[PDB]
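Just one chain follows, in the form deposited in one PDB entry, and it is written as structure tokens.
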């Protein structure tokens, strides 16, 4: 129960709009249960934590590193209920990008091992 809701990684990034393709600052949090949740403002209390702006599930996701429109961009391709979506993110160095994509992949792998169990 508690290991599943551990926070694996959290931090700020920019998230690109889907239609108005601007970079928007968002605070994201990845948990062992595959939830990847974003906030306009970094949450300061539990109530704030419970009300994210963005919520994805990273089970079986794909992780793509790209250099356009900006270097150090990454794309997650994941399932949102029954629709496959892509979301685009940016951090300021390739090392930071690798930290995020590896953490997301580690969580996804964990969920897969749980299934296989």
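We call the rigid core whatever largest set of C-alpha positions still superposes within 1.5 Å between the two forms. Only residues modelled in both forms are compared. Numbering follows the first chain given and starts at 1.
The same protein also exists as the form deposited in another entry; that form is not shown, yet it is the one meant from here on.
49 is the only residue from 70, 49, 65, 40 whose Cα shifts by 2 Å or more between the shown form and the other one, the rigid core being superposed.
Residue displacement note: residue 85 has its CA displaced by under 2 Å between the shown form and the other one (rigid core superposed).
Between this form and the other one, the CA-CA gap for residue 40 and residue 50 narrows by 3 Å or more, being smaller in the other form. Pairwise change in the other form: residue 50 and residue 23 C-alpha atoms lie closer than in the shown form, at least 3 Å.
Taken over residues common to both forms, the rigid core alignment between the shown form and the other one yields 46-51, 79-84, 115-117 as runs of three or more consecutive residues whose Cα atoms shift by 2 Å or more.
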